[PDB]
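Please note: Cβ atoms are built from the backbone with ideal geometry, for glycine as well, and neighbour counts cover all protein chains shown. A short reminder: the numbers here are calculations on the coordinates, not readings from a lab.
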Amino acid sequence: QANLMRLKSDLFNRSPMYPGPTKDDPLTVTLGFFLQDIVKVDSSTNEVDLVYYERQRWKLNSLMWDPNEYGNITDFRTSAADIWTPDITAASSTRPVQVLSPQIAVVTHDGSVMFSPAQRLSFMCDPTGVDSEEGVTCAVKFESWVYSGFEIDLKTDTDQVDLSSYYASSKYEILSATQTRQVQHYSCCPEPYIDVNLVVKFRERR
Amino acid sequence: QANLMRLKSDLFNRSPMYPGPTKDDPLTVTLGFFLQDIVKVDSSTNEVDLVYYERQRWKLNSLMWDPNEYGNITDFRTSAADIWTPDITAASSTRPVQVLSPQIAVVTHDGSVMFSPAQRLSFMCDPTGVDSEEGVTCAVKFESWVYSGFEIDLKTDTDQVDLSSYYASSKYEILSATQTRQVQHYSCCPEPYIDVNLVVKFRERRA
Amino acid sequence: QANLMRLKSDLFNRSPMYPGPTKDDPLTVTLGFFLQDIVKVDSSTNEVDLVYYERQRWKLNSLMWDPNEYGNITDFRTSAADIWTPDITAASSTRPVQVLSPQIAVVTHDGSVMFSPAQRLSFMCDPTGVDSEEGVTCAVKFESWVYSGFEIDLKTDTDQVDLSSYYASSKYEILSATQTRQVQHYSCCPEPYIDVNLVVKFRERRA
Amino acid sequence: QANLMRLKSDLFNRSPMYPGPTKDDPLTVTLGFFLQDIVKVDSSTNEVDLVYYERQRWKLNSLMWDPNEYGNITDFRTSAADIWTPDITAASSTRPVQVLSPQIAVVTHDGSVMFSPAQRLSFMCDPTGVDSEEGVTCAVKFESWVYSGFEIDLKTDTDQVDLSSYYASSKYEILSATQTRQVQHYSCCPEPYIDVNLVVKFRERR
Amino acid sequence: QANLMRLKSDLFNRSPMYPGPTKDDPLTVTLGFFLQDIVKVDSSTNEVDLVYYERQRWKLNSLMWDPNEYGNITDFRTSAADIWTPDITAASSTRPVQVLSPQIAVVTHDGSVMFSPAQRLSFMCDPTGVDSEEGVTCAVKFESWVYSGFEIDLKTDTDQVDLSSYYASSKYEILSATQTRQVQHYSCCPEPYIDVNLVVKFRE
Ligand SMILES: O=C1C[C@@H]2OCC=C3CN4CC[C@]56c7ccccc7N1[C@H]5[C@H]2[C@H]3C[C@H]46
Ligand SMILES: O=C1C[C@@H]2OCC=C3CN4CC[C@]56c7ccccc7N1[C@H]5[C@H]2[C@H]3C[C@H]46
Ligand SMILES: O=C1C[C@@H]2OCC=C3CN4CC[C@]56c7ccccc7N1[C@H]5[C@H]2[C@H]3C[C@H]46
Ligand SMILES: O=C1C[C@@H]2OCC=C3CN4CC[C@]56c7ccccc7N1[C@H]5[C@H]2[C@H]3C[C@H]46
Ligand SMILES: O=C1C[C@@H]2OCC=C3CN4CC[C@]56c7ccccc7N1[C@H]5[C@H]2[C@H]3C[C@H]46
């Protein structure tokens, strides 16, 4: 109790808040998707609704501490409002993302943070061919909304999207699921933009 | 009035807030479901909507007091924001859980807390066979979202889900309702995770 | 301005907030429903949507003052967040209650408070027979969620639900509307629980 | 910049907030509706959805200033949170009113305020006869929720509801639109209550 | 870290907040739409749902700084609550606009700001003829809600609405997309009101 209370007090009340990465001190942030259900497909609109955990990991020095000065406490939990989180956003969404879990993060003595919100996303997807045997493929970039490759680097830990939480009797069956880092420049803008393309080939169960 | 005001002042204003369990001082939390209606079933999506109370009980020493120093007050009510509550969450939900009751808890002189939110949940469930006589069975884990078996232990008081509040003329009729503790490890993460699996066999009303 | 500003400052800034009733100083709270429309009926789910004002009245000594010390001010208005309100809740709801009015209360020099939120409620109700001439009857308890009969007593002023605000051309026509105090004990719990049962017999409009 | 900053500082930061009208210093508030679309009608429920601007004007002495002491500034804009606004409410609504515009007001040196929120309202209305040529008529009171005639007086500037913003190809066509002050007493309560009845006769487009 | 923290502290904590344009110091604000999907059409109501980024650019002197006094920092990111943003609003919407991106802006040493919210809008539109080959045309003004032409001037950078982000397999296909500045006066009232008319011809 009294240890962790002090630890938190030292980190949050007695700096000003971490104002997010610059070109000078860029930051690396690490995504991992965990598919759960393809809930719905709507062929009137080309909107598909998808449910998943999204594990985000990054590391900050303003969040380091020595376990020894604080009761051999290696890691704690905290409301994600108490800290800076990255602005990772689905570029092709059609409705604001619905949050399905608590907004709580896990900070570790080395300054690393893990934050794994559950979400229901509706995004742009032409689902015709979903009843066919070959299936249909759908994609959605996840990018920082305001930060370039110069300030935030995205990475996957792995190209495989973890289907271990995926619902056995979902109306739809996952053939392929890949999460792939990507760079682009755009004609608008000098800098490189990084994103993680989430790609899912799927079809109706039988 | 002036007694209870002091009691609350001593507990909340004059520590820092209880920052939740660690491996060192783990915490046991106790669930009991109280089914109420299976409101809807949707076979396009395999989404089922379910309504229930969820009684959570835990106990903290930072919440003990002596009735005698505080006007023989054995227990009080408080907004659930004034206190730490556990982060118990349906793992298979498809839409954010809707709260149907006040967010208010009951603290007792011995430091035990009871908090019993009403909720409407939509979760993943293939309902085909719900018109059959044998029915269809559906499940949903309830787990802490950030805390392992090392920090929070879940338990049921009983394997029977209390159907006493269940709606007589619900469109669906409950055949079986079980709430069962469970342990797993997952490949992501070193520690064990506890959960309470809620399992409900049900089917359309008839005679 | 400057009188009422002082009055409010004395009441809210210079006590603690009223920490709600105990067995020792129980509190009586008084409901009156004012039906407005039966908006919708859904026979797939047995959900009925109902719209109404709910007048709550209670009285507190921490809210007394002398009109003479404060500019002959007999009563003021305030956001319902500035004060304790009771946690009166529909026990059989299926979706979170939608608020239709401002959350504002009226406090009076004698310490009595009046608070009359408009609301749209969906609750459990089998509406089959609503097209028949005899109609169909529907009920829903309104209870405090965390407080027993020992801490909060509910009462109606009257068994008649006020239909004066009820919509002339509602899709449904009200045959009976009653608000009836009630006591129960349950096997779960030692104490008595009070509630106000709202009961409404109704059917489709004709010519 | 620097003038208006001072003006605002003097008005908002260095009084207490205006705690709203009493019998002693009542207040007059002035409504004007501007119909825009009758979006939908639902004959299962007798719910109609209507979209409009609602111009509210009132005047306060706590908001007067001399243009000369403040850079000849006659009027400014401000978030409607920075000031008291009246609690004008549709008495027969069936779902909470959806706000379609910014919450911003206009204050003038004489202490008058103008605030014109756009809104989508669902209210109680039997629409049968809406396909007929004669149409169907619908009403909704707009009242202060907690303030009587003794504390707040409502008035229209005009009995005509301004149809100039109304949508040409709305599914429904407006035959009559009137906004009419009204007094009632109600059996619960001693005082008079003022309201502005909005009445709209309308029918399906040819 | 500690540089940018100081920069922000000097700008926001140690002035009053920029209280927005007056006739005296008017402000020019620059819109550019980036269409993305026409998601839905509803011919019962004459409501169409449209998804897009909306790039807003303006410039303030209260936001200038010298890169040299602040660690050669040329530009930073900030929550759009920390700063004044313009109140640009769709005049014909039928439901409150849904926000699809973070509410975050980009401020630059010269005092210019860029803020590019993603949005899903439902607005008034008769879509009959959308299955025809000629298509159907729909429009919606975007205006400041409380500010006249005297206080805020809108401009497009270009009459072409950028369709580069538009979804290949959208249910609807864009024939024309134009963003056009506009003035209107009203007989009641002395001032001009500026708006940017967004106009989109499209079909199945
Ligand atoms: O339309 C664009 C093009 C480009 O798309 C790739 C992703 C990017 C990340 N964010 C999301 C919004 C965006 C932006 C800002 C200002 C105008 C248009 C605009 N976008 C994207 C842009 C980059 C940068 C930025
Ligand atoms: O990969 C998973 C699945 C697994 O689900 C069982 C319960 C758990 C408790 N929380 C919920 C989120 C979760 C987690 C953390 C980081 C990445 C993925 C992820 N999840 C669950 C996981 C455990 C651990 C943790
Ligand atoms: O299952 C019930 C029904 C019973 O209803 C009478 C009123 C009561 C007051 N509160 C509201 C929630 C409730 C409660 C707590 C824990 C498990 C079940 C449960 N409820 C109600 C109950 C009592 C006690 C308590
Ligand atoms: O009894 C009622 C109905 C009536 O509705 C029309 C307008 C009014 C303005 N406010 C809204 C709440 C109300 C009120 C206060 C206390 C008990 C009942 C009650 N209501 C409305 C009433 C008036 C007065 C007051
Ligand atoms: O009815 C109108 C139309 C007119 O539209 C051009 C742009 C304007 C900007 N804002 C948006 C709301 C509006 C307004 C306020 C109060 C009553 C009517 C009204 N509107 C618009 C008006 C102007 C001014 C103002």
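Just to verify a result, which residue in segment C:58-81, among those that are facing chain D (nearest Cβ under 10 Å) and buried (at least 17 other Cβ atoms within 10 Å of the Cβ), is farthest from the chain's Cα centre (by Cα)?
Restricting to residues being facing chain D (nearest Cβ under 10 Å) and buried (at least 17 other Cβ atoms within 10 Å of the Cβ), the top hit is C:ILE73.
Does segment B:165-174 contain at least one residue that is closer than 24 Å to B:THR85 by Cα and either within 16 Å of ligand 5 (Cβ to nearest atom) or touching a strand residue (DSSP E or B) at 6+ places or on another chain (Cβ under 7 Å) (or both)?
no
Do we have any residue at all in segment C:130-150 that's more than 17 Å from the chain's Cα centre (by Cα) and under 18 Å from C:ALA90 (Cβ atoms)?
Within segment C:130-150, one or more residues are more than 17 Å from the chain's Cα centre (by Cα) and under 18 Å from C:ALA90 (Cβ atoms).
C:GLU191 fails exactly one of the following numbered conditions: (1) under 16 Å from the mean Cα position of the chain (by Cα); (2) farther than 13 Å from C:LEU35 by Cα; (3) of a type in the set (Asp, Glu). What is the number of that condition?
(1)
Among the residues of segment A:15-43, which ones are farther than 21 Å from A:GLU143 by Cα and aliphatic (A, V, I, L, M)?
Result: A:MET17, A:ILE38, A:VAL39, A:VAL41.
Among the numbered criteria (1) under 19 Å from the mean Cα position of the chain (by Cα); (2) within 22 Å of D:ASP25 (Cβ to Cβ), which single criterion is violated by D:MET124?
Of (1) under 19 Å from the mean Cα position of the chain (by Cα); (2) within 22 Å of D:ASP25 (Cβ to Cβ), only one is false for D:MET124: (2).
Does D:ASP126 satisfy being within 16 Å of ligand 5 (Cβ to nearest atom) and charged (D, E, K, R)?
No; evaluated as a whole, the condition is false for this residue.
Only residues that are within 13 Å of C:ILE88 (Cα to Cα), in contact with a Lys or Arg (Cβ under 9 Å, 6 or more places away or on another chain) and β-branched (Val, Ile, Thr): list them for segment C:135-155, please.
C:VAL146
Of the residues D:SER62, D:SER9, only one is at the interface with another protein chain (Cβ under 9 Å from one of its Cβ atoms) and either aliphatic (A, V, I, L, M) or assigned to a strand (DSSP E or B) (or both); which?
D:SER62
Here's the yes/no breakdown for (1) within 14 Å of chain C (Cβ to nearest Cβ); (2) at positive phi; (3) surrounded by fewer than 20 Cβ atoms within 10 Å (Cβ to Cβ); (4) within 16 Å of ligand 4 (Cβ to nearest atom):
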site: D:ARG95; (1), (2), (3), (4): yes, no, yes, no
site: D:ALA105; (1), (2), (3), (4): no, no, no, no
site: D:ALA118; (1), (2), (3), (4): no, no, no, no
site: D:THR128; (1), (2), (3), (4): yes, no, yes, no
site: D:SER132; (1), (2), (3), (4): no, no, yes, no
site: D:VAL146; (1), (2), (3), (4): yes, no, no, yes
site: D:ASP157; (1), (2), (3), (4): no, no, yes, no
site: D:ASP162; (1), (2), (3), (4): no, no, yes, no
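Residues that are away from ligand 4 (no atom under 16 Å from the Cβ) and small (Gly, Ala, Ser), at least 2 per element: which strands (runs of 3 or more DSSP E) completely within segment B:99-207 meet that?
B:110-115, B:118-124, B:136-144, B:172-186
Of all residues being over 10 Å from the mean Cα position of the chain (by Cα) and within 16 Å of ligand 1 (Cβ to nearest atom) in segment A:72-92, which is nearest to A:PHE115 (Cα to Cα)? Just the residue, please.
Ranking the candidates gives A:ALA91 first.
State all residues of segment D:13-59 that are farther than 21 Å from D:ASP195 by Cβ and surrounded by fewer than 18 Cβ atoms within 10 Å (Cβ to Cβ); if no residue qualifies, say none.
D:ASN13, D:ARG14, D:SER15, D:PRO16, D:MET17, D:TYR18, D:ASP24, D:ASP25, D:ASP42, D:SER43, D:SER44
Go through segment A:147-206 residue by residue and tally those that are in a loop (DSSP other than H, G, I, E, B), more than 14 Å from ligand 1 (Cβ to nearest atom) and among the aromatic types (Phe, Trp, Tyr).
2
Can you find a residue in segment A:137-144 that is under 13 Å from the mean Cα position of the chain (by Cα), acidic (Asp, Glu), part of a strand (DSSP E or B) and more than 16 Å from ligand 4 (Cβ to nearest atom)?
yes
Within segment C:52-76, which residues are outside any strand (DSSP E or B) and hydrophobic (A, V, I, L, M, F, W, C)?
Once the filter is applied, which keeps residues that are outside any strand (DSSP E or B) and hydrophobic (A, V, I, L, M, F, W, C), segment C:52-76 yields C:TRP65, C:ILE73.
Here's the yes/no breakdown for (1) touching a residue at least 60 places away in the same chain (Cβ under 8 Å); (2) basic (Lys, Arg); (3) part of a strand (DSSP E or B):
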{"residue": "A:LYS23", "(1), (2), (3)": "yes, yes, no"}
{"residue": "A:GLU54", "(1), (2), (3)": "yes, no, yes"}
{"residue": "A:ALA81", "(1), (2), (3)": "no, no, no"}
{"residue": "A:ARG95", "(1), (2), (3)": "no, yes, yes"}
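Going through segment B:145-189 one residue at a time, which ones are over 25 Å from C:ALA139 (Cα atoms) and within 13 Å of chain C (Cβ to nearest Cβ)?
Of everything in segment B:145-189, those that are over 25 Å from C:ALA139 (Cα atoms) and within 13 Å of chain C (Cβ to nearest Cβ) turn out to be B:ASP157, B:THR158.
Suppose we keep only residues that are buried (at least 17 other Cβ atoms within 10 Å of the Cβ) and part of a strand (DSSP E or B) within segment B:82-96. Which one would you say is nearest to ligand 3 (Cβ to nearest atom)?
B:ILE88
Among E:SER164, E:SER132, which is under 30 Å from A:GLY20 (Cα atoms), away from ligand 5 (no atom under 15 Å from the Cβ) and of a type in the set (S, T, N, Q)?
Residue meeting the stated conditions: E:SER164.
Look at D:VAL196 and say whether it is over 20 Å from C:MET114 (Cβ atoms) and either surrounded by 20 or more Cβ atoms within 10 Å (Cβ to Cβ) or of a type in the set (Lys, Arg) (or both).
yes
Would you point out which residue out of B:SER92, B:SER132, B:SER101 is of a type in the set (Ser, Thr, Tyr), touching a residue at least 40 places away in the same chain (Cβ under 8 Å) and within 10 Å of chain A (Cβ to nearest Cβ)?
On inspection, the qualifying residue turns out to be B:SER92.
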